[PDB]
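Structure first, commentary second.
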Number of protein chains: 2
Amino acid sequence: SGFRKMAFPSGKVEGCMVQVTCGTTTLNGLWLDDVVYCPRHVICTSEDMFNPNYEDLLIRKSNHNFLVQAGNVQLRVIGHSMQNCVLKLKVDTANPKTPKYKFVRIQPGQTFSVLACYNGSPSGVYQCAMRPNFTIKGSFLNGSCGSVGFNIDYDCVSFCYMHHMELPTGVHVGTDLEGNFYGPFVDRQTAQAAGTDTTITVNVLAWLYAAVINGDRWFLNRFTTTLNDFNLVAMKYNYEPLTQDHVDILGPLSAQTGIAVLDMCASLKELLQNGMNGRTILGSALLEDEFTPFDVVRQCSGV
Amino acid sequence: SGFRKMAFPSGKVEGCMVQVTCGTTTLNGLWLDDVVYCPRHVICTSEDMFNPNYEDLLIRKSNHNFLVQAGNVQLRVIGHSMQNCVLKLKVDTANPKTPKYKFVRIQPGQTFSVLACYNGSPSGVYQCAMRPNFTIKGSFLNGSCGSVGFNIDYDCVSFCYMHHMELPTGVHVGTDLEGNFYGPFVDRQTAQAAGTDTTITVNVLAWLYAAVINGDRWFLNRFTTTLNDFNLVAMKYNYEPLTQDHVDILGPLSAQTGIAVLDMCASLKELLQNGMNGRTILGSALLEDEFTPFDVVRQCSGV
Ligand SMILES: *[C@H](O)[C@H](C[C@@H]1CCNC1=O)NC(=O)[C@H](CC(C)C)NC(=O)OCc1ccccc1
Ligand SMILES: *[C@H](O)[C@H](C[C@@H]1CCNC1=O)NC(=O)[C@H](CC(C)C)NC(=O)OCc1ccccc1
């Protein structure tokens, strides 16, 4: 037993990270087949980033201006293109370590693993949720752009995130692997607002189920509620409204504990209105919402 | 910026995990050079585990009784030996993926990454601290034994932990890679007590420094303290006594924030005596102690 925030094993992605340098700017790229993907602001000087015209900037760059390095081994760039906010650098060698992979655009409330890299070398791996306001609470320093987020299903890597920027609030924003930003953000170093964030209700419920599956029961009570009655409370606490789809997704957990979903909603309601009284759930004194229902099943059954 | 619980990239270890089966018991082994390391209770039936005589049990096993499988590829076992609580299975093939590696015995209060595996296949990776009472707060199901804990320094993997057992309290115990248990534990499925756990004071201080480096400042105050005065408080709260060695290790953080270590101790003292008043530090409402000073430096400088 036990429950932890767990990242996917990163080996399949580690073999795809390379370094991309353009003039004095260096960040990471993702090498799949004969293409290297990287954020387009690699072509900016630290001064261009406050208001770049990426078209005019790219027009002064040729293939030999993109230095791509896999380990200590250099790659030869034979073409380049700009797709939305990423660059696609064509190289003359297919990555012999390319895994089976897909590009997917993840939905808010889903989770994924981030392999934080610098100079094309992995630094560490951690799990993130795509917030409802399309931000993530990451750990990113200068040079970390091009670090990617991913899920793994058996042997297939679904790439869903490439890192680009940190907002003034300390949260992090990026694109899918076709260069489209998650959320209302642009890759210009100017003040940008993510808007009100809300708690992922279905994930909090899954984590309360995970808590019961691991022996923390003090918050179960003799009450029940309705979808409509609970959502009047979710409103007051900037929680996502719960839906019947959410209820269905909690089915497997509702069946392994024997606790009806609306009964667990009744516990959550009391925790929202009364706090935790200095008690703790799975070693946390806050309500955690970065575990999907899928995440709890996977960990509580050894996938 | 940002601060997260981050595991090392797991690729170098993923290439060393194999499956080891003996009769009906299956767990994981670590394949390095021409040797596979695994917990010795792989030779037990589920009934033997409540009181095994490992010598008498091993005497009925030959090389061909140890089924070792790397992916879908079987390995040929040409010798076996029992060193303390692990088995060493000699195979006729050296792991072509063997990294540079060391076997180290970690100290209480240090951290390491766990690659949780089942059937020789990685499931996920997470960071753990070796508690002062020589337990860890992991995520382990049946079949996870043989999962290993490790650190990485550039290209060298320091293996420090192999998983064996879950105590009745829900915490997890294991050995170093020479088969010696961390703590007062034996590999028999009987009730065993880890004893009082205590909070890793030096790690809490490092995480408060990490909080300042990331903009959480509300807990800084106008007070200071002495090593002796603080440790009279640490006592009351089952905190590890702070030492001058601890003070030195916090030097780099004490120099990047400009906050004297005894001043930060004064903040911790007030947080212990007064709680957090429903406030939060790096998104947690508890005092976190599973980050070493080394861990904070590494993450706040991109190693
Ligand atoms: C790419 O490596 C980098 C990631 C930032 C740097 C610190 N933490 C991050 O997540 N991105 C940028 O430098 C980005 C470039 C634009 C053209 C999109 N601008 C940015 O993030 O500016 C805000 C900022 C910069 C430096 C420190 C903190 C915030
Ligand atoms: C090895 O795969 C396994 C790991 C346990 C199983 C559940 N969570 C863990 O960490 N170890 C054992 O089964 C171990 C065998 C002895 C000979 C050391 N006994 C054990 O951990 O028993 C306690 C226990 C068993 C099953 C569920 C929960 C606790």
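Going by the structure tokens order, chains are called A, B, ..., each with residues numbered from 1, while ligands are numbered from 1 in the order shown.
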
Checklist entry - Residues at most 6 Å from ligand 1, using only C-alpha atoms and all ligand atoms? Could they come as an MDAnalysis selection string? => result (chainID A and resid 27 41 49 140:145 164:167 172 187:189) or (chainID B and resid 1)

Within 7 Å of chain A: residues of chain B, using only C-alpha atoms, as a PDB file with N, CA, C and O atoms, in the first residue's frame:
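Result file part_38.pdb:
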ATOM      1  N   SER B   1      11.517  29.633 -11.967  1.00  0.00           N
ATOM      2  CA  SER B   1      11.365  29.319 -10.521  1.00  0.00           C
ATOM      3  C   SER B   1      10.359  28.189 -10.327  1.00  0.00           C
ATOM      4  O   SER B   1       9.963  27.522 -11.287  1.00  0.00           O
ATOM      5  N   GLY B   2       9.953  27.983  -9.087  1.00  0.00           N
ATOM      6  CA  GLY B   2       9.123  26.855  -8.724  1.00  0.00           C
ATOM      7  C   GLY B   2       9.934  25.775  -8.033  1.00  0.00           C
ATOM      8  O   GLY B   2      11.151  25.650  -8.220  1.00  0.00           O
ATOM      9  N   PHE B   3       9.253  24.980  -7.212  1.00  0.00           N
ATOM     10  CA  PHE B   3       9.907  23.935  -6.436  1.00  0.00           C
ATOM     11  C   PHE B   3       8.987  22.729  -6.355  1.00  0.00           C
ATOM     12  O   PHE B   3       7.826  22.858  -5.955  1.00  0.00           O
ATOM     13  N   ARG B   4       9.514  21.563  -6.721  1.00  0.00           N
ATOM     14  CA  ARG B   4       8.738  20.335  -6.808  1.00  0.00           C
ATOM     15  C   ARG B   4       9.569  19.174  -6.279  1.00  0.00           C
ATOM     16  O   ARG B   4      10.802  19.222  -6.268  1.00  0.00           O
ATOM     17  N   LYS B   5       8.879  18.121  -5.838  1.00  0.00           N
ATOM     18  CA  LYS B   5       9.544  16.879  -5.454  1.00  0.00           C
ATOM     19  C   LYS B   5       9.907  16.135  -6.733  1.00  0.00           C
ATOM     20  O   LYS B   5       9.027  15.647  -7.451  1.00  0.00           O
ATOM     21  N   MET B   6      11.200  16.057  -7.022  1.00  0.00           N
ATOM     22  CA  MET B   6      11.700  15.669  -8.332  1.00  0.00           C
ATOM     23  C   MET B   6      12.548  14.417  -8.199  1.00  0.00           C
ATOM     24  O   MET B   6      13.436  14.352  -7.344  1.00  0.00           O
ATOM     25  N   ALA B   7      12.271  13.426  -9.037  1.00  0.00           N
ATOM     26  CA  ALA B   7      13.075  12.218  -9.077  1.00  0.00           C
ATOM     27  C   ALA B   7      14.134  12.332 -10.164  1.00  0.00           C
ATOM     28  O   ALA B   7      13.981  13.080 -11.133  1.00  0.00           O
ATOM     29  N   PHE B   8      15.221  11.590  -9.989  1.00  0.00           N
ATOM     30  CA  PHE B   8      16.210  11.497 -11.049  1.00  0.00           C
ATOM     31  C   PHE B   8      15.588  10.843 -12.279  1.00  0.00           C
ATOM     32  O   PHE B   8      14.675  10.019 -12.159  1.00  0.00           O
ATOM     33  N   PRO B   9      16.062  11.183 -13.474  1.00  0.00           N
ATOM     34  CA  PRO B   9      15.664  10.410 -14.654  1.00  0.00           C
ATOM     35  C   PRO B   9      16.061   8.953 -14.473  1.00  0.00           C
ATOM     36  O   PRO B   9      17.147   8.643 -13.978  1.00  0.00           O
ATOM     37  N   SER B  10      15.163   8.055 -14.867  1.00  0.00           N
ATOM     38  CA  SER B  10      15.253   6.649 -14.497  1.00  0.00           C
ATOM     39  C   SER B  10      15.824   5.762 -15.594  1.00  0.00           C
ATOM     40  O   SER B  10      15.954   4.552 -15.382  1.00  0.00           O
ATOM     41  N   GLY B  11      16.190   6.331 -16.744  1.00  0.00           N
ATOM     42  CA  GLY B  11      16.566   5.508 -17.883  1.00  0.00           C
ATOM     43  C   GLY B  11      17.695   4.542 -17.581  1.00  0.00           C
ATOM     44  O   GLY B  11      17.647   3.373 -17.972  1.00  0.00           O
ATOM     45  N   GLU B  14      16.176   1.717 -15.600  1.00  0.00           N
ATOM     46  CA  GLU B  14      15.197   0.941 -16.357  1.00  0.00           C
ATOM     47  C   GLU B  14      15.863  -0.196 -17.122  1.00  0.00           C
ATOM     48  O   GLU B  14      15.326  -1.308 -17.194  1.00  0.00           O
ATOM     49  N   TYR B 118       7.145  -3.891 -11.451  1.00  0.00           N
ATOM     50  CA  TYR B 118       6.392  -5.131 -11.298  1.00  0.00           C
ATOM     51  C   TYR B 118       6.679  -6.016 -12.501  1.00  0.00           C
ATOM     52  O   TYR B 118       6.672  -5.540 -13.640  1.00  0.00           O
ATOM     53  N   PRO B 122       9.223  -1.255 -15.337  1.00  0.00           N
ATOM     54  CA  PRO B 122       9.007  -0.050 -14.528  1.00  0.00           C
ATOM     55  C   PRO B 122       7.565   0.434 -14.574  1.00  0.00           C
ATOM     56  O   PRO B 122       6.911   0.408 -15.619  1.00  0.00           O
ATOM     57  N   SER B 123       7.080   0.883 -13.418  1.00  0.00           N
ATOM     58  CA  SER B 123       5.747   1.454 -13.269  1.00  0.00           C
ATOM     59  C   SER B 123       5.761   2.959 -13.050  1.00  0.00           C
ATOM     60  O   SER B 123       4.859   3.654 -13.522  1.00  0.00           O
ATOM     61  N   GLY B 124       6.757   3.476 -12.339  1.00  0.00           N
ATOM     62  CA  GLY B 124       6.828   4.898 -12.048  1.00  0.00           C
ATOM     63  C   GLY B 124       8.007   5.171 -11.140  1.00  0.00           C
ATOM     64  O   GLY B 124       8.636   4.252 -10.605  1.00  0.00           O
ATOM     65  N   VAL B 125       8.302   6.457 -10.970  1.00  0.00           N
ATOM     66  CA  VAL B 125       9.467   6.887 -10.207  1.00  0.00           C
ATOM     67  C   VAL B 125       9.060   8.023  -9.276  1.00  0.00           C
ATOM     68  O   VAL B 125       8.290   8.910  -9.661  1.00  0.00           O
ATOM     69  N   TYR B 126       9.567   7.981  -8.044  1.00  0.00           N
ATOM     70  CA  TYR B 126       9.263   8.996  -7.045  1.00  0.00           C
ATOM     71  C   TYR B 126      10.426   9.110  -6.068  1.00  0.00           C
ATOM     72  O   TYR B 126      11.224   8.183  -5.911  1.00  0.00           O
ATOM     73  N   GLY B 138       6.694   4.952   0.983  1.00  0.00           N
ATOM     74  CA  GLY B 138       6.707   4.600  -0.414  1.00  0.00           C
ATOM     75  C   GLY B 138       5.330   4.276  -0.956  1.00  0.00           C
ATOM     76  O   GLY B 138       4.298   4.532  -0.332  1.00  0.00           O
ATOM     77  N   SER B 139       5.334   3.717  -2.164  1.00  0.00           N
ATOM     78  CA  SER B 139       4.138   3.187  -2.815  1.00  0.00           C
ATOM     79  C   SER B 139       4.545   1.836  -3.392  1.00  0.00           C
ATOM     80  O   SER B 139       5.205   1.778  -4.434  1.00  0.00           O
ATOM     81  N   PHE B 140       4.159   0.760  -2.707  1.00  0.00           N
ATOM     82  CA  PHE B 140       4.592  -0.589  -3.045  1.00  0.00           C
ATOM     83  C   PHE B 140       3.426  -1.552  -2.908  1.00  0.00           C
ATOM     84  O   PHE B 140       2.769  -1.589  -1.864  1.00  0.00           O
ATOM     85  N   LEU B 141       3.188  -2.337  -3.951  1.00  0.00           N
ATOM     86  CA  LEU B 141       2.197  -3.400  -3.950  1.00  0.00           C
ATOM     87  C   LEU B 141       2.911  -4.747  -4.000  1.00  0.00           C
ATOM     88  O   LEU B 141       4.137  -4.824  -4.121  1.00  0.00           O
ATOM     89  N   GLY B 170       2.163   0.743   7.606  1.00  0.00           N
ATOM     90  CA  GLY B 170       2.059   1.230   6.249  1.00  0.00           C
ATOM     91  C   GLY B 170       3.339   1.779   5.658  1.00  0.00           C
ATOM     92  O   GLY B 170       3.333   2.191   4.490  1.00  0.00           O
ATOM     93  N   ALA B 285       0.592  22.824   3.562  1.00  0.00           N
ATOM     94  CA  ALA B 285       0.164  23.302   4.869  1.00  0.00           C
ATOM     95  C   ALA B 285       0.844  22.554   6.008  1.00  0.00           C
ATOM     96  O   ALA B 285       0.456  22.724   7.169  1.00  0.00           O
ATOM     97  N   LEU B 286       1.840  21.728   5.700  1.00  0.00           N
ATOM     98  CA  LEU B 286       2.683  21.080   6.691  1.00  0.00           C
ATOM     99  C   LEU B 286       4.129  21.494   6.460  1.00  0.00           C
ATOM    100  O   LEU B 286       4.496  21.976   5.385  1.00  0.00           O
ATOM    101  N   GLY B 302      19.668  24.030 -11.430  1.00  0.00           N
ATOM    102  CA  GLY B 302      19.592  23.343 -12.706  1.00  0.00           C
ATOM    103  C   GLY B 302      20.656  22.301 -12.964  1.00  0.00           C
ATOM    104  O   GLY B 302      21.076  22.131 -14.113  1.00  0.00           O
ATOM    105  N   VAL B 303      21.103  21.590 -11.934  1.00  0.00           N
ATOM    106  CA  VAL B 303      22.113  20.551 -12.111  1.00  0.00           C
ATOM    107  C   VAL B 303      21.587  19.441 -13.020  1.00  0.00           C
ATOM    108  O   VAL B 303      20.491  18.918 -12.815  1.00  0.00           O
TER     109      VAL B 303
END

Pose of chain B fitted onto chain A, C-alpha LSQ, given as a compact mmCIF listing (two decimals) with C-alpha atoms, in the first residue's frame:
# COMPACT_ATOMS: atom_id res chain seq x y z
CA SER B 1 0.00 0.00 0.00
CA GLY B 2 0.91 3.67 0.13
CA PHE B 3 0.19 6.53 -2.25
CA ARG B 4 2.70 8.91 -3.82
CA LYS B 5 2.91 11.45 -6.64
CA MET B 6 4.55 9.23 -9.24
CA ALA B 7 6.03 10.09 -12.62
CA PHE B 8 6.30 7.73 -15.55
CA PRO B 9 9.74 6.20 -16.12
CA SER B 10 11.57 8.68 -18.33
CA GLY B 11 13.96 6.46 -20.29
CA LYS B 12 12.04 6.56 -23.56
CA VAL B 13 12.03 10.38 -23.48
CA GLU B 14 15.62 10.77 -22.23
CA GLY B 15 16.79 9.28 -25.53
CA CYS B 16 14.96 12.03 -27.46
CA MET B 17 16.38 15.13 -25.73
CA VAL B 18 18.97 17.22 -27.60
CA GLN B 19 20.46 20.69 -27.27
CA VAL B 20 19.54 23.45 -29.73
CA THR B 21 21.59 26.65 -29.90
CA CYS B 22 20.94 29.71 -32.08
CA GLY B 23 23.46 32.49 -31.63
CA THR B 24 23.66 32.87 -27.85
CA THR B 25 20.32 31.28 -26.87
CA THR B 26 20.36 27.60 -25.88
CA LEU B 27 17.40 25.40 -24.96
CA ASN B 28 16.21 21.83 -25.45
CA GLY B 29 14.69 20.10 -28.45
CA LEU B 30 12.81 16.85 -28.96
CA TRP B 31 14.39 14.56 -31.55
CA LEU B 32 11.88 12.17 -33.15
CA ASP B 33 12.50 10.47 -36.48
CA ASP B 34 14.49 13.00 -38.55
CA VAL B 35 12.87 16.07 -36.95
CA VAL B 36 13.85 18.15 -33.92
CA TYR B 37 11.08 20.15 -32.25
CA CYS B 38 11.92 23.17 -30.09
CA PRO B 39 10.36 26.47 -28.97
CA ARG B 40 10.63 29.13 -31.64
CA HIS B 41 12.07 31.76 -29.26
CA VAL B 42 15.43 30.00 -29.55
CA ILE B 43 15.95 32.50 -32.40
CA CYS B 44 15.53 35.47 -30.05
CA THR B 45 18.20 37.42 -28.27
CA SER B 46 17.34 38.18 -24.66
CA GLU B 47 16.27 41.62 -25.94
CA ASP B 48 14.04 40.33 -28.75
CA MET B 49 11.89 38.38 -26.28
CA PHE B 50 10.00 41.42 -24.96
CA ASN B 51 8.41 41.97 -28.38
CA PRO B 52 9.52 39.52 -31.09
CA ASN B 53 8.46 39.46 -34.71
CA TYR B 54 9.22 35.78 -35.24
CA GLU B 55 8.73 35.97 -39.01
CA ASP B 56 11.27 38.77 -39.47
CA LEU B 57 13.66 37.12 -37.01
CA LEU B 58 13.47 33.69 -38.65
CA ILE B 59 14.12 35.17 -42.10
CA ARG B 60 17.70 35.96 -41.04
CA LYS B 61 18.39 32.36 -39.93
CA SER B 62 19.65 29.53 -42.15
CA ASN B 63 20.03 25.82 -41.44
CA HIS B 64 23.66 26.17 -40.33
CA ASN B 65 22.64 28.74 -37.68
CA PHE B 66 20.78 26.00 -35.75
CA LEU B 67 23.35 24.08 -33.71
CA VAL B 68 21.83 20.73 -32.70
CA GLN B 69 23.83 18.41 -30.45
CA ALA B 70 22.85 14.91 -29.25
CA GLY B 71 25.19 14.20 -26.37
CA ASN B 72 28.62 15.22 -27.61
CA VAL B 73 27.54 14.29 -31.17
CA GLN B 74 26.47 17.03 -33.57
CA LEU B 75 23.51 16.73 -35.94
CA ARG B 76 23.38 18.18 -39.46
CA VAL B 77 20.37 20.43 -40.12
CA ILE B 78 18.98 20.18 -43.66
CA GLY B 79 15.76 22.17 -43.29
CA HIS B 80 13.75 24.32 -40.93
CA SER B 81 10.13 25.41 -40.58
CA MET B 82 7.95 27.31 -38.11
CA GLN B 83 4.65 25.71 -37.07
CA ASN B 84 2.77 28.03 -34.72
CA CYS B 85 5.10 28.55 -31.73
CA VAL B 86 7.61 25.73 -32.39
CA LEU B 87 10.39 25.19 -34.90
CA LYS B 88 10.79 21.92 -36.80
CA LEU B 89 14.46 21.32 -37.64
CA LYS B 90 14.98 18.65 -40.29
CA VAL B 91 18.16 16.63 -39.68
CA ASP B 92 19.87 14.03 -41.86
CA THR B 93 19.76 11.29 -39.19
CA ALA B 94 16.73 9.56 -37.72
CA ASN B 95 16.95 9.22 -33.96
CA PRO B 96 17.80 5.51 -33.49
CA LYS B 97 16.16 5.74 -30.05
CA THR B 98 12.81 7.03 -31.33
CA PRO B 99 10.00 5.34 -29.35
CA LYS B 100 6.52 4.65 -30.59
CA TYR B 101 4.92 8.03 -30.03
CA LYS B 102 1.87 10.22 -30.56
CA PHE B 103 1.25 13.96 -30.32
CA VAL B 104 -1.86 14.60 -28.21
CA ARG B 105 -3.49 17.76 -26.88
CA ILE B 106 -4.34 17.08 -23.25
CA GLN B 107 -7.53 18.28 -21.53
CA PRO B 108 -7.55 20.47 -18.40
CA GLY B 109 -7.59 18.28 -15.30
CA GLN B 110 -5.44 15.53 -16.82
CA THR B 111 -1.93 14.80 -15.59
CA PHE B 112 1.40 14.14 -17.27
CA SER B 113 5.08 13.70 -16.46
CA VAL B 114 7.60 16.49 -17.09
CA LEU B 115 11.24 15.64 -17.83
CA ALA B 116 13.00 18.87 -16.88
CA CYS B 117 16.14 19.28 -18.99
CA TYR B 118 18.99 21.76 -19.45
CA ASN B 119 21.50 21.81 -22.30
CA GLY B 120 19.73 18.75 -23.68
CA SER B 121 20.48 16.69 -20.56
CA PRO B 122 17.74 15.44 -18.19
CA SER B 123 17.70 16.92 -14.69
CA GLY B 124 14.67 15.24 -13.10
CA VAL B 125 11.10 14.10 -13.60
CA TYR B 126 7.88 15.09 -11.82
CA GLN B 127 4.12 14.83 -12.31
CA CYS B 128 1.98 17.83 -13.29
CA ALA B 129 -1.69 18.56 -13.80
CA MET B 130 -2.92 20.86 -16.56
CA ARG B 131 -4.86 23.35 -14.43
CA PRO B 132 -8.37 24.37 -15.54
CA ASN B 133 -6.86 27.76 -16.43
CA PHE B 134 -4.26 26.01 -18.64
CA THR B 135 -1.24 26.58 -16.41
CA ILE B 136 0.95 24.07 -14.59
CA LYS B 137 2.82 24.31 -11.29
CA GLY B 138 6.27 23.26 -12.43
CA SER B 139 9.95 23.67 -11.64
CA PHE B 140 11.65 25.49 -14.52
CA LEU B 141 14.79 27.63 -14.69
CA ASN B 142 16.34 29.50 -17.59
CA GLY B 143 17.36 27.03 -20.27
CA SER B 144 14.54 24.59 -19.46
CA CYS B 145 12.38 25.51 -22.46
CA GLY B 146 11.89 22.58 -24.78
CA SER B 147 11.44 20.25 -21.83
CA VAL B 148 8.38 18.16 -22.68
CA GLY B 149 5.47 16.61 -20.83
CA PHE B 150 4.26 13.12 -21.64
CA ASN B 151 2.20 10.08 -20.76
CA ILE B 152 3.12 6.45 -21.43
CA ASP B 153 0.70 3.62 -22.25
CA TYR B 154 2.64 0.34 -22.31
CA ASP B 155 5.20 1.22 -25.02
CA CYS B 156 3.68 4.34 -26.64
CA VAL B 157 4.76 7.83 -25.58
CA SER B 158 2.02 10.46 -25.89
CA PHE B 159 3.77 13.83 -25.94
CA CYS B 160 1.38 16.55 -24.81
CA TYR B 161 3.42 19.54 -23.56
CA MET B 162 6.46 21.63 -24.46
CA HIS B 163 7.55 24.33 -22.03
CA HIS B 164 7.89 27.98 -23.09
CA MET B 165 7.27 30.52 -20.37
CA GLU B 166 6.73 31.43 -16.72
CA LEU B 167 3.98 33.90 -15.84
CA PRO B 168 4.46 36.67 -13.25
CA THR B 169 2.50 34.56 -10.74
CA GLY B 170 5.17 31.84 -10.80
CA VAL B 171 3.14 29.30 -12.81
CA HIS B 172 4.19 27.82 -16.14
CA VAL B 173 2.68 27.78 -19.63
CA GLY B 174 3.48 25.96 -22.84
CA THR B 175 2.26 24.42 -26.06
CA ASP B 176 1.30 21.08 -27.51
CA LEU B 177 3.80 19.54 -29.92
CA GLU B 178 2.20 21.36 -32.86
CA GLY B 179 3.10 24.68 -31.22
CA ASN B 180 -0.37 25.77 -30.06
CA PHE B 181 -0.38 27.25 -26.57
CA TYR B 182 -2.53 25.73 -23.89
CA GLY B 183 -4.58 28.73 -22.82
CA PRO B 184 -4.66 32.41 -23.80
CA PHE B 185 -0.89 32.92 -23.90
CA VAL B 186 1.64 34.14 -26.45
CA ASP B 187 5.42 33.70 -26.46
CA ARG B 188 6.28 37.32 -25.73
CA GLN B 189 7.92 38.33 -22.46
CA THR B 190 5.15 40.64 -21.31
CA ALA B 191 2.71 40.52 -18.41
CA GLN B 192 -0.02 37.94 -19.04
CA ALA B 193 -2.85 36.73 -16.80
CA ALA B 194 -4.03 33.12 -16.54
CA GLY B 195 -7.28 34.09 -14.81
CA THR B 196 -8.98 32.46 -11.87
CA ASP B 197 -7.89 28.90 -11.21
CA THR B 198 -10.39 26.35 -9.93
CA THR B 199 -9.93 23.06 -8.11
CA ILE B 200 -10.34 19.82 -10.08
CA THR B 201 -13.27 18.37 -8.16
CA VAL B 202 -13.17 14.90 -9.73
CA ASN B 203 -9.47 14.59 -8.82
CA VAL B 204 -10.06 15.55 -5.18
CA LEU B 205 -12.68 12.80 -4.97
CA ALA B 206 -10.32 10.25 -6.50
CA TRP B 207 -7.65 11.17 -3.93
CA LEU B 208 -10.16 10.76 -1.10
CA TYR B 209 -10.88 7.29 -2.50
CA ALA B 210 -7.13 6.69 -2.61
CA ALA B 211 -7.06 7.75 1.05
CA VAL B 212 -9.68 5.15 1.99
CA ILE B 213 -7.89 2.43 0.00
CA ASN B 214 -4.87 3.26 2.21
CA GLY B 215 -6.52 3.45 5.63
CA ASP B 216 -7.33 7.14 6.15
CA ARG B 217 -11.04 7.01 7.02
CA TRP B 218 -11.64 9.77 9.59
CA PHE B 219 -13.47 11.99 7.08
CA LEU B 220 -16.19 9.48 6.20
CA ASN B 221 -19.52 10.41 7.78
CA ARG B 222 -23.23 9.55 7.88
CA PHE B 223 -24.28 12.11 5.26
CA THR B 224 -25.09 12.11 1.56
CA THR B 225 -25.79 14.81 -1.02
CA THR B 226 -27.06 15.50 -4.53
CA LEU B 227 -25.11 16.55 -7.60
CA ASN B 228 -26.98 19.86 -7.51
CA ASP B 229 -26.57 20.35 -3.76
CA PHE B 230 -22.84 19.60 -3.87
CA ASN B 231 -22.27 21.92 -6.84
CA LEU B 232 -23.83 24.84 -4.96
CA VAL B 233 -20.98 24.27 -2.50
CA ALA B 234 -18.34 23.67 -5.18
CA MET B 235 -19.27 27.09 -6.56
CA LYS B 236 -18.56 28.90 -3.29
CA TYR B 237 -15.12 27.24 -3.10
CA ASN B 238 -14.07 27.67 -6.76
CA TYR B 239 -14.44 23.97 -7.42
CA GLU B 240 -15.24 22.56 -10.84
CA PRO B 241 -18.89 21.47 -11.12
CA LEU B 242 -19.29 17.71 -10.85
CA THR B 243 -21.03 15.89 -13.69
CA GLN B 244 -22.42 12.42 -14.31
CA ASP B 245 -19.41 11.74 -16.53
CA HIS B 246 -17.26 12.49 -13.48
CA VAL B 247 -19.45 10.14 -11.42
CA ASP B 248 -18.96 7.34 -13.97
CA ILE B 249 -15.18 7.82 -14.04
CA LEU B 250 -15.14 7.36 -10.26
CA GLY B 251 -17.04 4.07 -10.68
CA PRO B 252 -14.06 1.72 -10.27
CA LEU B 253 -13.00 3.49 -7.07
CA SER B 254 -16.62 3.64 -5.90
CA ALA B 255 -16.70 -0.16 -6.38
CA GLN B 256 -13.40 -1.11 -4.72
CA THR B 257 -14.24 0.85 -1.56
CA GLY B 258 -18.00 0.26 -1.66
CA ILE B 259 -18.58 3.99 -1.11
CA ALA B 260 -21.17 5.67 -3.31
CA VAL B 261 -19.84 8.73 -5.13
CA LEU B 262 -22.47 11.04 -3.64
CA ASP B 263 -21.54 9.76 -0.17
CA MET B 264 -17.91 10.72 -0.81
CA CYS B 265 -19.17 14.08 -2.07
CA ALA B 266 -20.83 14.48 1.32
CA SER B 267 -17.46 13.99 3.01
CA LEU B 268 -15.82 16.52 0.69
CA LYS B 269 -18.61 19.01 1.42
CA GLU B 270 -17.91 18.78 5.15
CA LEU B 271 -14.16 19.11 4.57
CA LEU B 272 -14.76 22.26 2.53
CA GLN B 273 -17.10 23.88 5.06
CA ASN B 274 -15.21 22.78 8.19
CA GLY B 275 -11.56 22.41 7.21
CA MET B 276 -9.46 19.49 8.36
CA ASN B 277 -9.05 20.56 12.03
CA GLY B 278 -5.30 20.06 11.77
CA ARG B 279 -5.84 16.45 10.68
CA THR B 280 -4.15 15.03 7.57
CA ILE B 281 -5.13 12.91 4.57
CA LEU B 282 -2.39 10.81 2.94
CA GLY B 283 0.11 12.96 4.79
CA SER B 284 -1.27 16.24 3.44
CA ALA B 285 -3.13 18.99 5.29
CA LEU B 286 -4.67 20.33 2.06
CA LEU B 287 -7.16 18.82 -0.37
CA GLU B 288 -5.10 17.49 -3.28
CA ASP B 289 -6.44 17.69 -6.84
CA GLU B 290 -3.51 16.64 -9.08
CA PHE B 291 -4.44 12.93 -9.13
CA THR B 292 -6.86 11.79 -11.80
CA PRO B 293 -9.13 8.79 -11.23
CA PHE B 294 -7.03 6.92 -13.80
CA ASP B 295 -3.92 7.84 -11.78
CA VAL B 296 -5.32 6.34 -8.56
CA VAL B 297 -6.40 3.09 -10.24
CA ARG B 298 -3.00 2.69 -11.93
CA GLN B 299 -1.07 3.15 -8.69
CA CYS B 300 -3.46 1.10 -6.53
CA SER B 301 -3.21 -1.85 -8.94
CA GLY B 302 0.38 -1.82 -10.23
CA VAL B 303 0.01 -0.97 -13.93
